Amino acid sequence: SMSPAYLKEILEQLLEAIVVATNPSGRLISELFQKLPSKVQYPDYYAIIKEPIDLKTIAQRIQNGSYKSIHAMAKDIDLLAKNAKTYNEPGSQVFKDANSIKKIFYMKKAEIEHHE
């Protein structure tokens, strides 16, 4: 039974792993996922994506204590990737970066949860 304070530290470590991850070229794969697109300049996004989310919102939820489990933030990471893979075309760099973010999150989650 983790305390809220313990859980927060785990969630912060998971988010940290996402936001420091770089491609082989050195670019932060999280760059384009920090902030949702403008409703004014990208109105189609909000017609297509039913539950928009970004990394700033996930970070806010960590700070708010909105997540009561690692699973809950995992599901928000899944949603982040699913939205990018719905809106942006397959083979787009945003599409691949979305899968990479998921890949990094679950690898770090396993490292944390299984280390002994």
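Each residue number is its position in the shown sequence, starting from 1.
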Check your understanding: As stated in the PDB record, which stretch has the larger average Cα B-factor, 25-33 or 53-61?
Key -> 25-33
**Study point:** Stretch with the greater mean C-alpha B-factor as recorded in the entry, comparing 7-15 against 91-99
**Key:** 91-99
Exercise for review: Determine, from the deposited record, the chain-internal third of the Cα B-factor for residue 86: lowest, middle or highest.
Suggested key: highest
Point to revise | residue 77, C-alpha B-factor rank within chain (lowest, middle or highest third) | key: lowest
Point to revise | Relative C-alpha B-factor of residue 107, binned into the chain's lowest, middle or highest third | key: lowest
Exercise for review: Looking at the entry's B-factor column for C-alpha atoms only, identify whether residue 47 ranks in the lowest, middle or highest third of its chain.
Suggested key: highest
